[PDB]
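Only one structure is covered here, and it is reproduced in the block below.
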Amino acid sequence: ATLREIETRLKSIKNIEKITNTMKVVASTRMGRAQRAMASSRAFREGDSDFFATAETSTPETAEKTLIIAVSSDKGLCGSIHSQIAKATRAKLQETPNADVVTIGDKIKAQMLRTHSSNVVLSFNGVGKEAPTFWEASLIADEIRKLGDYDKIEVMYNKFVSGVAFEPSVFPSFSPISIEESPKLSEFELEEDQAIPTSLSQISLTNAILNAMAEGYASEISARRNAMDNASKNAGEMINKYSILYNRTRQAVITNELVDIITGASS
Amino acid sequence: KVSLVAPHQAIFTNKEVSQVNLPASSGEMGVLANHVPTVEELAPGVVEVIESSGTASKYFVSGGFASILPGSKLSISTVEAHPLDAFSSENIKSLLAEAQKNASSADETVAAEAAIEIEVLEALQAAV
Amino acid sequence: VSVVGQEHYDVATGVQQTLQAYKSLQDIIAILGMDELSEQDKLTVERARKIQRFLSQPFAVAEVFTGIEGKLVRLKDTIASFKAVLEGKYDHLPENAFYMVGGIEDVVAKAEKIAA
Amino acid sequence: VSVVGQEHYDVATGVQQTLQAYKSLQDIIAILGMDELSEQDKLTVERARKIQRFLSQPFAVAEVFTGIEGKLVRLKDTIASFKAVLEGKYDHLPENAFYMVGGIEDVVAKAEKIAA
Amino acid sequence: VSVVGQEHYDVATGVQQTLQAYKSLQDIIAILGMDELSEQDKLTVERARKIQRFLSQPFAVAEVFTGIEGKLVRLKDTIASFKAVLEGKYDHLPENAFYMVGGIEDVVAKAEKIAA
Amino acid sequence: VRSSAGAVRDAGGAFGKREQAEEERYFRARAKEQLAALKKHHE
Amino acid sequence: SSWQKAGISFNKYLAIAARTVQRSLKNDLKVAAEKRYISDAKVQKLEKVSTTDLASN
Amino acid sequence: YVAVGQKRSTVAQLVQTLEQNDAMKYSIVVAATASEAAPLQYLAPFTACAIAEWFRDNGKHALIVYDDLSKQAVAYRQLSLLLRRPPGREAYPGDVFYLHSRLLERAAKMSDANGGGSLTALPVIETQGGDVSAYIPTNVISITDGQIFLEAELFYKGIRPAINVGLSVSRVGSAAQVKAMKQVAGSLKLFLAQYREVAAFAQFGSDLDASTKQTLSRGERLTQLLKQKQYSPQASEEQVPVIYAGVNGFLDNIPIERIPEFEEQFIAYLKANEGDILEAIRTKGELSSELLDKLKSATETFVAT
Amino acid sequence: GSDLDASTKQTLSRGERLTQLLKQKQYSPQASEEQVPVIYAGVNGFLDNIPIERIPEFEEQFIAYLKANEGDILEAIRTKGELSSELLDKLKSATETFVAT
């Protein structure tokens, strides 16, 4: 609490406030470009998956446990991004702990290993840096280690309900045995010779993975802007309190040094 | 009334169309007013949607699924949708020559991928 | 350990080690937040807050300023309550159930009345 | 540049600019991480760590505290080794090969012995 | 209110509340735009821009630097012009009609001569 | 305005200790990949 | 076609046809389009918390 | 030059460098080392100001350089402490602020009725660790009409010399400058101030917009073009042509590493091809309509190679 | 949050056991013969397979077994004050066999 210790703490807190303010301004520019990709993925999901709503496609009994896919990111500094995704998948795994988990990020794989390390069957790293595209969703669906041999296939992600907060939603994916066993599945002119049931079921997994990755990246970028604004605001309050302590210590150091020279010269 | 929306941008979006001669999985079919509900897949052809008069846009679609709803709604969901003027004739000949030499020359999925790419490149070059 | 015993010496070293780790990491929890910690640092921050409020007991002379009764915990009851909270037996309780209380008996009665 | 020459003046200015730029980039990695660094910022952080350990040589009088033998580098050998590392000729080597070494000859012998 | 009266105290509190809300909302307008607001927030942001330029009148000694004439507003004319702009009587006027002007009579003559 | 050229590592508190541990962990992981690739190229 | 005999379905056939049509068109119209055909995710099949070969590409 | 507080080797090295470049024939040297008494070093500021005041009272100009201001304050406090006197702040006497303000107020510009002379005072304030709000640093900055700050962090990056634009300012403004250099300095002041506040976005170049990329490219070329070497001063005609090419947009197409080679190539080609434009800017000291059109055509033809 | 670095797992586990073994109690000084056997088992990796809570009990059990069985190795480190080739081979074999009870 001297003059040298107060100067090092005030200079280090000022550099953290400038980095937090610059990161919040850069997050606002990236949110505008990510909003266009999220709007195109939401409109394409309502048209490509429109045949499943008119045919009433649903699952029934469990066949060899199930399959879970937790879509997230690999970096931090985004607030409660990794905590909300891990809490939603742990609540649904209580009634079926024998199902496999496929983590698509370093942040979701670290929290899931401390509670259910044996349930993790797949781990994907390097997807939270750049923006998602169709090449990243199509490569993870084809190498999911037999993804068509499960009755239920959930996709745990984070849905951005607003432009400030978010919530962890889930979307189910039907298999090849559940797409052809719908109620109004024979209403459309589908060819029985070629692959129509297995092709439409595998195409829904790659389409839902692209929509969950686009919505999860927009929710993580929006949550990172609120965390950067809160860190910059908290740094300003700490710099104001440190400036009042440094001003009182500077005046006390001048009075203590002048009293020592006046006492020695008067004796 | 068409809803040709891709996975990156929307072309038709709102219902403001009449005819849509898009290539499906079978042949070169064309949606009229209130067509039957045929939710068939789309192949790599030319998706020319005739808007009222002769204002058809030659959109070279790479394939997808032309979903037809029962309420006179045609949702031609494809992967890519580029115009005919966005493909140069010089670069189109180089891709067809490389795919023909690589076909029936290796194994695994190298010969299977080269055979499907040679058929889509020959149909787009003849419709220029 | 030669005056208070081996049981009281281990409880004093474990409670002081948890409070020192949370105080040194106060620069990251007040700036970045509590979500920037890992899995091991998150459990130590929650146990340090409940252990600091459990040691503050209401005195008998300060009954007019606090409003609660005076609690006088013994030496054997204070060592058994601190060892059970640091092992994971009181992690499901809230942080307000141990503030201004006695030993292990007063912490269990305050959590049941607040949840009703 | 008029006392040590034009070649020695460029090596001293280039080493001081890389060491000063690494201090500003290190503050952003403690709050944001290594994801904010691009291709030019990633190569500058690795070159700054190897240049700081290459200038530290073992003295002859400090052999009882370090354990290794004393090395003495000349003036011509020190300017040639610093200019080659800043251009991109020793980018594939590790940071442990230049720590507690001599000139450019001792840095190449320490990298081959540590990999065996 | 006991030194300037009840009329002057109400006009000073209303102008200070609108300027303080517009200054704190400057960080949210640059990241979310100007059209992503409510009905009450859009009307208060438009009146705050014209009120900040209406209080900056041109002095008599600064006529060689700005080119405008010197305006000497009294105490009764300044309180009547600020109360009419906060009630909605000058909501249809432009933002540039109040800049470099003083009094309620100068804002009506500058707004009618700017367009025609 | 104020000088802050390397004020995080010069303090020695919570931010100073975390900056040195993050740089040492990244340099240790990259040294293992460079040492394994250099031994395989010499034989 | 005959893509059902291999390990490619409707999702793999649509991605291969869209990437091949973009490279065969105009070379100057490849703005904001080359990033949709490459990735860097490594799928590591975990078992018991060890894993096997980290397959990518 | 009034060397006060320096050693014996520092005074001999500075006088030998000025004689080799023909600069010691009209420059007074006040030798005052620290090896003498406290009365000789404290009176070095008053003795040097009296000899330089003879040129300003006759019809000539003078320029005093009190190097340094921190060494003069230590010599005055040493003689007062031994004369049985009371001290004050930072072990100084009561007349600490009056000792530096009396010697700096004599270097002023006279009117036409006194002779028309002037005198410049260049006092160097040696700070401790960059703190400009100390005891002897705040007294010399409040009495002078401007201060040039020098940080130790910008000198190791590449700025020669390290002169902070956001901390150094002049109280005279553009009233004591040439009319030719004032036209290019007006637009460069607004571009340098906007690039300093937005300099934190340089680490994330993949998220730059249209307005952010134009300010970062123009701000980096303007700061590197003003960096000069030691003992290499430029005239008013050579500095007006280099500042006009960076403020208009003729230096944005060049790279950042080629900023050093473009300063010597543009100055040498302008002295052999367009010598009439450089000689007219120094004699008249201003720029009319004919000088602006000729300078823009010569810079555009030389930027294509 | 980092849980990788397989090569750094041996150095991190050995550092925690070495700090607890060197911490002695009050009025409990050790000689040169008992401190040389405890520092060799923690620096060579022999104490990495033991637990962290059993670091206090392992110091008393190792010193008691070296005073009744292999008493010649403890007396040579205190009289000569060094360890040559014969003393290094006998100390490494006795520390590995004593780890399995």
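If you're matching them up, the sequences are chains G, H, F, D, E, J, I, A and C in order.
If you count the first sequence from 1, position 143 lands on 143 in the entry's author numbering, and the numbers rise without skipping.
If you count the second sequence from 1, position 95 lands on 105 in the entry's author numbering, and the numbers rise without skipping.
If you count the third sequence from 1, position 88 lands on 448 in the entry's author numbering, and the numbers rise without skipping.
If you count the fourth sequence from 1, position 91 lands on 451 in the entry's author numbering, and the numbers rise without skipping.
If you count the fifth sequence from 1, position 30 lands on 390 in the entry's author numbering, and the numbers rise without skipping.
If you count the sixth sequence from 1, position 26 lands on 33 in the entry's author numbering, and the numbers rise without skipping.
With the entry's author numbering applied, the seventh sequence covers 1 to 48, 52 to 60.
If you count the eighth sequence from 1, position 232 lands on 436 in the entry's author numbering, and the numbers rise without skipping.
If you count the ninth sequence from 1, position 97 lands on 505 in the entry's author numbering, and the numbers rise without skipping.
Quick reminder that beta carbons are idealized off the backbone N, C-alpha and C, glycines included.
Looking at F:395, F:404 and F:364, the one whose alpha-carbon comes closest to that of residue 451 (chain F) is F:404. Residue contact with chain J for residue 18 (chain G): present (Cβ-Cβ distance below 9 angstroms to some residue of chain J). CA-to-CA, the gap between residue 395 (chain D) and residue 107 (chain G) works out to about 14 angstroms. Annotation: residue 232 (chain G) has no Cβ neighbours in chain J at a cutoff of 8 angstroms; minimum Cβ distance is about 15 angstroms.
With its beta carbon less than 9 angstroms from one in chain H, residue 1 (chain I) belongs to the interface.
For residue 57 (chain I), the enclosing beta strand (DSSP E) stretches over residues 53 to 58. Secondary structure within the region 28 to 76 of chain G: the alpha helix (DSSP H) runs of 4 or more consecutive residues, fully enclosed, are 50 to 55 (chain order).
Residues of chain H with a Cβ closer than 9 angstroms to the Cβ of residue 215 (chain G) do not exist, since the nearest Cβ in that chain sits about 14 angstroms away.
Neighbours of residue 171 (chain G) in chain H, taken as residues whose beta carbon is under 8 angstroms from its own, are absent, since the nearest beta carbon is some 16 angstroms off. Using a 10 angstroms sphere on the CB of residue 19 (chain G), the tally of other CB atoms reaches 16 or more, which defines it as buried. Closest in C-alpha terms to residue 451 (chain A), from the list A:469, A:408, A:461 and A:429, comes A:429.
Each residue's CA atom was taken as its position, placing residue 447 (chain F) and residue 507 (chain C) some 29 angstroms apart. In the three-state reduction of the DSSP assignment, residue 101 (chain H) falls in the helix class. Burial state of residue 380 (chain E) is exposed, judged by a 10 Å Cβ sphere holding fewer than 16 other Cβ atoms. Under DSSP, residue 270 (chain A) forms a beta bridge with A:206. In this chain, residue 138 (chain G) is not harboured by any beta strand (DSSP E); it is covered by the alpha helix (DSSP H) spanning 134 to 142. In the DSSP assignment, residue 250 (chain A) falls within the alpha helix (DSSP H) that extends over 248 to 260. Of G:1, G:153 and G:258, the smallest CA-CA separation from residue 175 (chain G) is found for G:153. In the three-state scheme derived from DSSP, where H, G and I count as helix and E and B as strand, residue 459 (chain A) is classed as coil. Under the three-state reduction of DSSP output, residue 369 (chain D) falls in the helix class. The beta-carbon separation of residue 461 (chain E) and residue 419 (chain E), rounded to 13 angstroms, does not stay under the 8 angstroms limit for a contact.
At least 9 angstroms separates the beta-carbon of residue 294 (chain A) from that of residue 245 (chain G). Within chain G, no C-beta atom comes less than 7 angstroms from the C-beta of residue 389 (chain E); the nearest is roughly 11 angstroms away. One Cα belongs to residue 159 (chain G), the other to residue 42 (chain I), and the distance between them is close to 24 angstroms. Put simply, of G:182, G:256, G:24 and G:249 the residue whose alpha carbon is nearest the alpha carbon of residue 6 (chain G) is G:249. Residue 407 (chain F) places its beta carbon less than 9 angstroms from that of residue 378 (chain F). Listed along the chain, the chain G residues whose CB falls inside 8 angstroms of the CB of residue 22 (chain J) are 12 and 16.
By the neighbour-count criterion, in which 16 or more other beta carbons inside 10 Å mark a residue as buried, residue 500 (chain A) falls on the exposed side. The beta-bridge partner set that DSSP reports for residue 68 (chain H) consists of H:58. With contact defined as three or more Cβ pairs closer than 8 angstroms, the region 261 to 275 of chain A and the region 323 to 341 of chain A are in contact.
Its Cα nearest to that of residue 426 (chain C), the residue C:454 stands out among C:497, C:454 and C:412.
Around the CB of residue 456 (chain F), fewer than 16 other CB atoms lie within 10 Å, so the residue is classed as exposed.
Residue contact with chain H for residue 35 (chain I): absent (no Cβ-Cβ distance below 9 angstroms to any residue of chain H).
Per DSSP, the beta bridge partners of residue 20 (chain H) are H:15. Listed along the chain, the chain I residues whose CB falls inside 9 angstroms of the CB of residue 126 (chain G) are 39, 40, 41, 42 and 59. DSSP lists A:266 as the bridge partner or partners of residue 323 (chain A).
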